[PDB]
Structure formats: structure tokens, C-alpha cells
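Chemist: The structure file upload_35.cif (mmCIF, C-alpha atoms) is provided below.
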data_structure
#
loop_
_atom_site.group_PDB
_atom_site.id
_atom_site.type_symbol
_atom_site.label_atom_id
_atom_site.label_comp_id
_atom_site.auth_asym_id
_atom_site.auth_seq_id
_atom_site.Cartn_x
_atom_site.Cartn_y
_atom_site.Cartn_z
ATOM 1 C CA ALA A 1 16.226 19.352 -10.458
ATOM 2 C CA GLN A 2 19.678 18.459 -9.087
ATOM 3 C CA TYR A 3 19.250 14.706 -9.058
ATOM 4 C CA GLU A 4 17.357 13.495 -12.159
ATOM 5 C CA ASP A 5 16.273 10.084 -13.334
ATOM 6 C CA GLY A 6 18.148 9.445 -16.539
ATOM 7 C CA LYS A 7 21.136 11.565 -15.611
ATOM 8 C CA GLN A 8 22.956 10.590 -12.379
ATOM 9 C CA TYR A 9 20.983 7.369 -12.049
ATOM 10 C CA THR A 10 18.502 5.264 -13.932
ATOM 11 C CA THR A 11 15.456 3.634 -12.403
ATOM 12 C CA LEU A 12 14.962 -0.045 -13.090
ATOM 13 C CA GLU A 13 11.722 -0.638 -15.043
ATOM 14 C CA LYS A 14 11.734 -4.102 -13.589
ATOM 15 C CA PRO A 15 12.589 -3.628 -9.881
ATOM 16 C CA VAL A 16 14.270 -6.368 -7.886
ATOM 17 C CA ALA A 17 12.679 -7.364 -4.581
ATOM 18 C CA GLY A 18 14.749 -8.133 -1.492
ATOM 19 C CA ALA A 19 17.985 -6.824 -3.024
ATOM 20 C CA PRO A 20 21.049 -5.773 -0.969
ATOM 21 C CA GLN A 21 20.870 -2.071 -0.099
ATOM 22 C CA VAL A 22 24.046 -1.050 -1.936
ATOM 23 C CA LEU A 23 25.241 -3.563 -4.521
ATOM 24 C CA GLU A 24 28.436 -3.272 -6.547
ATOM 25 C CA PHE A 25 29.546 -5.460 -9.453
ATOM 26 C CA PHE A 26 33.038 -5.733 -10.841
ATOM 27 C CA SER A 27 35.489 -7.940 -12.650
ATOM 28 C CA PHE A 28 39.217 -8.280 -12.116
ATOM 29 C CA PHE A 29 39.524 -8.193 -15.943
ATOM 30 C CA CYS A 30 37.626 -4.926 -16.067
ATOM 31 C CA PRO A 31 40.006 -1.956 -16.734
ATOM 32 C CA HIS A 32 37.516 0.643 -15.463
ATOM 33 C CA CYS A 33 36.975 -1.542 -12.380
ATOM 34 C CA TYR A 34 40.732 -1.367 -11.836
ATOM 35 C CA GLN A 35 40.410 2.432 -11.875
ATOM 36 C CA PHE A 36 37.352 2.445 -9.535
ATOM 37 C CA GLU A 37 39.097 0.392 -6.953
ATOM 38 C CA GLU A 38 42.797 1.108 -7.240
ATOM 39 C CA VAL A 39 42.756 4.751 -8.298
ATOM 40 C CA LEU A 40 39.384 6.329 -7.576
ATOM 41 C CA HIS A 41 38.682 4.117 -4.521
ATOM 42 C CA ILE A 42 34.916 4.337 -5.169
ATOM 43 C CA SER A 43 33.723 1.556 -2.850
ATOM 44 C CA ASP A 44 35.557 3.188 -0.015
ATOM 45 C CA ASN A 45 34.300 6.727 -0.512
ATOM 46 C CA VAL A 46 30.778 5.423 -0.903
ATOM 47 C CA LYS A 47 30.998 3.527 2.405
ATOM 48 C CA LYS A 48 32.207 6.671 4.113
ATOM 49 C CA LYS A 49 28.998 8.551 3.276
ATOM 50 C CA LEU A 50 26.411 5.824 3.660
ATOM 51 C CA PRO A 51 24.006 6.504 6.563
ATOM 52 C CA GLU A 52 23.068 4.534 9.655
ATOM 53 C CA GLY A 53 22.303 0.898 9.031
ATOM 54 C CA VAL A 54 23.362 0.357 5.424
ATOM 55 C CA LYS A 55 25.707 -2.487 4.450
ATOM 56 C CA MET A 56 27.684 -2.632 1.250
ATOM 57 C CA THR A 57 27.848 -5.691 -0.964
ATOM 58 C CA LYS A 58 30.318 -6.295 -3.764
ATOM 59 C CA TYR A 59 30.069 -9.146 -6.261
ATOM 60 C CA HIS A 60 32.296 -10.477 -9.049
ATOM 61 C CA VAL A 61 30.869 -11.344 -12.475
ATOM 62 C CA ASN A 62 31.466 -14.166 -14.963
ATOM 63 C CA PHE A 63 31.046 -12.482 -18.306
ATOM 64 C CA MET A 64 34.632 -11.263 -18.736
ATOM 65 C CA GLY A 65 37.722 -13.434 -19.087
ATOM 66 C CA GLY A 66 36.007 -16.739 -19.850
ATOM 67 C CA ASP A 67 37.253 -19.641 -17.774
ATOM 68 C CA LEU A 68 39.534 -17.488 -15.583
ATOM 69 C CA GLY A 69 36.615 -15.118 -15.116
ATOM 70 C CA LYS A 70 34.543 -17.870 -13.493
ATOM 71 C CA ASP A 71 37.540 -18.983 -11.419
ATOM 72 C CA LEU A 72 37.905 -15.455 -10.238
ATOM 73 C CA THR A 73 34.233 -15.350 -9.246
ATOM 74 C CA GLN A 74 34.707 -18.519 -7.199
ATOM 75 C CA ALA A 75 37.900 -17.025 -5.660
ATOM 76 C CA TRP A 76 35.968 -13.900 -4.710
ATOM 77 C CA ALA A 77 33.357 -16.097 -2.978
ATOM 78 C CA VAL A 78 36.243 -17.634 -1.036
ATOM 79 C CA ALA A 79 37.461 -14.173 -0.174
ATOM 80 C CA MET A 80 33.946 -13.391 1.046
ATOM 81 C CA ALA A 81 33.701 -16.587 3.082
ATOM 82 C CA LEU A 82 37.077 -16.085 4.714
ATOM 83 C CA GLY A 83 36.604 -12.344 5.131
ATOM 84 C CA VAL A 84 39.891 -11.478 3.394
ATOM 85 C CA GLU A 85 38.568 -9.179 0.630
ATOM 86 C CA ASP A 86 40.785 -6.349 1.845
ATOM 87 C CA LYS A 87 43.846 -8.528 1.555
ATOM 88 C CA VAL A 88 43.445 -10.024 -1.909
ATOM 89 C CA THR A 89 41.632 -7.340 -3.906
ATOM 90 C CA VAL A 90 44.787 -5.353 -4.691
ATOM 91 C CA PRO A 91 47.081 -8.259 -5.613
ATOM 92 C CA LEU A 92 44.274 -9.853 -7.670
ATOM 93 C CA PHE A 93 43.751 -6.703 -9.726
ATOM 94 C CA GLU A 94 47.439 -6.261 -10.212
ATOM 95 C CA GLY A 95 48.116 -9.921 -11.000
ATOM 96 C CA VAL A 96 45.411 -9.843 -13.679
ATOM 97 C CA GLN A 97 45.881 -6.317 -15.121
ATOM 98 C CA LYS A 98 49.325 -4.971 -14.150
ATOM 99 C CA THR A 99 51.880 -7.772 -14.001
ATOM 100 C CA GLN A 100 49.670 -10.362 -15.823
ATOM 101 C CA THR A 101 50.897 -13.165 -13.639
ATOM 102 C CA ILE A 102 47.458 -14.635 -13.049
ATOM 103 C CA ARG A 103 46.730 -17.121 -15.770
ATOM 104 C CA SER A 104 45.223 -20.064 -13.986
ATOM 105 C CA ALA A 105 43.293 -21.085 -10.917
ATOM 106 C CA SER A 106 46.654 -21.994 -9.497
ATOM 107 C CA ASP A 107 47.961 -18.462 -9.899
ATOM 108 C CA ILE A 108 44.820 -17.189 -8.215
ATOM 109 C CA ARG A 109 45.522 -19.499 -5.265
ATOM 110 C CA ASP A 110 49.136 -18.176 -5.083
ATOM 111 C CA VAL A 111 47.852 -14.664 -4.395
ATOM 112 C CA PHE A 112 45.909 -16.015 -1.394
ATOM 113 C CA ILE A 113 48.966 -17.938 -0.115
ATOM 114 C CA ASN A 114 51.124 -14.804 -0.365
ATOM 115 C CA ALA A 115 48.406 -12.825 1.390
ATOM 116 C CA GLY A 116 48.870 -15.225 4.298
ATOM 117 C CA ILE A 117 45.846 -17.505 3.952
ATOM 118 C CA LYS A 118 46.772 -21.128 4.539
ATOM 119 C CA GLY A 119 46.542 -23.394 1.519
ATOM 120 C CA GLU A 120 44.745 -25.985 3.530
ATOM 121 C CA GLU A 121 42.195 -23.313 4.488
ATOM 122 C CA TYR A 122 41.940 -21.921 0.952
ATOM 123 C CA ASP A 123 41.445 -25.334 -0.635
ATOM 124 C CA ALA A 124 38.735 -26.323 1.846
ATOM 125 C CA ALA A 125 36.930 -22.995 1.247
ATOM 126 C CA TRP A 126 37.388 -23.339 -2.512
ATOM 127 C CA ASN A 127 35.733 -26.761 -2.492
ATOM 128 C CA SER A 128 33.101 -26.154 0.210
ATOM 129 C CA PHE A 129 29.345 -25.858 -0.358
ATOM 130 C CA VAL A 130 29.164 -22.479 1.413
ATOM 131 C CA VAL A 131 31.350 -20.985 -1.382
ATOM 132 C CA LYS A 132 29.144 -22.614 -4.090
ATOM 133 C CA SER A 133 26.055 -20.956 -2.756
ATOM 134 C CA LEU A 134 28.050 -17.731 -2.410
ATOM 135 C CA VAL A 135 28.991 -18.238 -6.072
ATOM 136 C CA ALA A 136 25.277 -18.674 -6.803
ATOM 137 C CA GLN A 137 24.292 -15.510 -4.910
ATOM 138 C CA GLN A 138 26.739 -13.531 -7.064
ATOM 139 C CA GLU A 139 25.269 -14.952 -10.221
ATOM 140 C CA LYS A 140 21.627 -14.519 -9.162
ATOM 141 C CA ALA A 141 22.147 -10.868 -8.245
ATOM 142 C CA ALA A 142 23.859 -10.169 -11.598
ATOM 143 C CA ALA A 143 21.011 -11.971 -13.350
ATOM 144 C CA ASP A 144 18.263 -10.178 -11.422
ATOM 145 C CA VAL A 145 19.346 -6.821 -12.856
ATOM 146 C CA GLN A 146 20.184 -8.347 -16.267
ATOM 147 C CA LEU A 147 23.766 -7.133 -15.831
ATOM 148 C CA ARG A 148 25.740 -6.698 -19.084
ATOM 149 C CA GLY A 149 28.534 -4.361 -18.037
ATOM 150 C CA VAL A 150 30.822 -3.432 -15.203
ATOM 151 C CA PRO A 151 31.471 -1.466 -13.081
ATOM 152 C CA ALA A 152 27.893 -1.061 -11.916
ATOM 153 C CA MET A 153 26.168 -0.069 -8.704
ATOM 154 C CA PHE A 154 22.578 -0.608 -7.677
ATOM 155 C CA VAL A 155 20.714 0.918 -4.776
ATOM 156 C CA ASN A 156 17.854 -0.997 -3.137
ATOM 157 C CA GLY A 157 17.065 -2.998 -6.277
ATOM 158 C CA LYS A 158 15.660 0.235 -7.669
ATOM 159 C CA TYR A 159 18.311 2.461 -9.068
ATOM 160 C CA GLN A 160 21.419 1.999 -11.177
ATOM 161 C CA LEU A 161 24.203 4.558 -10.980
ATOM 162 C CA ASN A 162 24.883 6.406 -14.217
ATOM 163 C CA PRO A 163 28.394 7.875 -13.958
ATOM 164 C CA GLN A 164 28.368 8.796 -17.685
ATOM 165 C CA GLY A 165 26.370 11.792 -16.488
ATOM 166 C CA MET A 166 29.135 13.215 -14.240
ATOM 167 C CA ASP A 167 32.102 15.554 -14.761
ATOM 168 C CA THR A 168 35.357 13.717 -14.920
ATOM 169 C CA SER A 169 37.828 16.678 -15.064
ATOM 170 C CA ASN A 170 38.873 16.205 -11.485
ATOM 171 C CA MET A 171 38.849 12.690 -10.150
ATOM 172 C CA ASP A 172 38.152 13.696 -6.552
ATOM 173 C CA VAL A 173 35.057 15.555 -7.624
ATOM 174 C CA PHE A 174 33.720 12.635 -9.675
ATOM 175 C CA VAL A 175 34.262 10.300 -6.719
ATOM 176 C CA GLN A 176 32.344 12.517 -4.251
ATOM 177 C CA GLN A 177 29.461 13.170 -6.648
ATOM 178 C CA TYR A 178 29.241 9.431 -7.164
ATOM 179 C CA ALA A 179 29.336 8.912 -3.420
ATOM 180 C CA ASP A 180 26.814 11.721 -2.868
ATOM 181 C CA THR A 181 24.531 10.218 -5.485
ATOM 182 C CA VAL A 182 24.584 6.861 -3.708
ATOM 183 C CA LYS A 183 23.714 8.581 -0.453
ATOM 184 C CA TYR A 184 20.862 10.560 -2.027
ATOM 185 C CA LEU A 185 19.519 7.440 -3.691
ATOM 186 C CA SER A 186 19.775 5.601 -0.404
ATOM 187 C CA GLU A 187 17.682 8.231 1.424
ATOM 188 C CA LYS A 188 15.026 8.106 -1.285
#
When written as C-alpha cells, how does the structure in this file appear?

Modeler:
Amino acid sequence: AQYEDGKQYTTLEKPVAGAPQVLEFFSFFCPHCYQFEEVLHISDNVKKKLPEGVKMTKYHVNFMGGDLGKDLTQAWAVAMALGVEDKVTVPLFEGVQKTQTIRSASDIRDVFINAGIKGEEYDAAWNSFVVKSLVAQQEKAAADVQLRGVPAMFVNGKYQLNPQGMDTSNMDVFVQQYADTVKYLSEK
């Protein structure tokens, strides 16, 4: 068959009830995540082929970069609470992986200041209980699927994308197959 369990996707033996419909995990320390977002633009091309009625969720993970890793997961919660994901994602990736100017929670904050978010607003978000629960959501979701690596994408708590089983000669063609797989899986 064209789409096969064990080749373009794997089925979770231990399904997760009530999961987001499309769920993406990444880390700003994650080199392949840097590719997915900055070069391949995976999240975007997936969104563009998702049907009627399907929202996309993206969460940060703790298990890379130690202390900064956790800080970055709290910062991503802030980004989610303020709705500024599209404004900080690129400078956060580049500050961590390209220029290496992000070395502390303070440097993370700087990226949000430069992106135009008020410090007063960032600090209140950072310290608020709504962010803490948003931090907890991110962790619970990663835990539910026993997540040990990123990037990763899950569809309806059922299926995990398996990009290893896709041609990578042309980037554009990998991206669309990936996107097409997500759409297929979604219509399942």
C-alpha cells in the first residue's frame, strides 16, 4: 500500500486519549528542529494542507539543554500566552544555534524585548500561573507519548510521523510528503 504503518508513520501501541489533533514537539537546541522550522518550514506546509476544523499545536521540550532547556520551555509558554510565537521563534532559534547569544534566562528575555514585547508584560507572563499550567500542558503531552526525541509529530494521539521513511534528495519533496502524510493520517 502507499501509506503503511511502520514506514511513513508508526501507530502508538498505547494510544493517548483527548490529545490535540496535530501535535508537534521541538527544542530550540535541536539542530534538526532548526532545519524543520527555518529551512524546511514543516509546520507551515503542514498547516497549509490540513482540512476543515483542525488546529495545530506546537510544544517545547525539557530534555535538551538542561537548565536553559527548561527556561526555554517556560519562554515558549509565554510566547503561547501572549500569542507572539511568530515573532520570537526565528530569533530564539538563531540566538541559541546560530549566533549563540542566548545563554541565560535574561538573554531569552532580551529576544522578547527586541521583538517588541514590553518587559513589564513579559515579566508578568513569565511569573503568572497561566504560563505555569501552560508549562505543565507541554510536559504532560510529552510524557503521554513517552517522548525521547525531537522533532516529532503526533496525529490524534494515535500516530507518530516517521520521516526516516521518506526520500530526502529534494527538500521540497520531503516537505510535501510529510505534509501529505499528516493530511492522510488526519483523514484516517

Chemist: Return as a list in words the set of residues that the PyMOL selection byres ((chain A and resi 123-137) around 10) yields on the displayed structure.

Modeler: residues 59, 60, 61, 70, 71, 73, 74, 75, 76, 77, 78, 79, 80, 81, 82, 109, 118, 119, 120, 121, 122, 138, 139, 140, 141, 142 and 143 of chain A

Chemist: Hey, can you check how far CA of residue 148 (chain A) sits from CA of residue 10 (chain A)?

Modeler: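 Between these atoms lies a distance of 14.9 Å.
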
Chemist: As a compact mmCIF listing (two decimals) with C-alpha atoms, keeping the file's coordinate frame, please: the residues near residue 40 (chain A) (cut-off 8 Å, all atoms listed in the file, same-chain neighbours under 2 positions excluded).

Modeler:
# COMPACT_ATOMS: atom_id res chain seq x y z
CA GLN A 35 40.41 2.43 -11.88
CA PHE A 36 37.35 2.44 -9.54
CA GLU A 37 39.10 0.39 -6.95
CA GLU A 38 42.80 1.11 -7.24
CA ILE A 42 34.92 4.34 -5.17
CA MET A 171 38.85 12.69 -10.15
CA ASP A 172 38.15 13.70 -6.55
CA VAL A 175 34.26 10.30 -6.72

Chemist: Decode the PyMOL selection byres ((chain A and resi 58) around 9) for the given file into explicit residues and return them as a PyMOL selection string.

Modeler: chain A and resi 22-26+43+56-57+59-60+138+153

Chemist: What is the distance between CA of residue 184 (chain A) and CA of residue 41 (chain A), in Å to one decimal?

Modeler: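 That distance, rounded to one decimal, is 19.1 Å.
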
Chemist: Using all atoms listed in the file, which of the listed residues (A:149, A:51, A:83, A:157) sits closest to residue 117 (chain A)?

Modeler: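 Going through A:149, A:51, A:83, A:157 one by one, the smallest distance to residue 117 (chain A) is for A:83.
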
Chemist: Step by step, gather every atom of region 30-36 of chain A that the file lists, find the box along x, y and z that holds them, add 4 Å on each side, and finally give centre and edge lengths in Å to one decimal, as lines of an AutoDock Vina configuration file.

Modeler:
center_x = 38.9
center_y = -1.2
center_z = -13.1
size_x = 11.8
size_y = 15.4
size_z = 15.2

Chemist: Counting all atoms listed in the file, which of A:159, A:154, A:112, A:93 gets nearest to residue 13 (chain A)?

Modeler: A:159

Chemist: Which residues match the PyMOL selection byres ((chain A and resi 9) around 7) in the file above, as a PyMOL selection string?

Modeler: chain A and resi 5-8+10-11+159-162
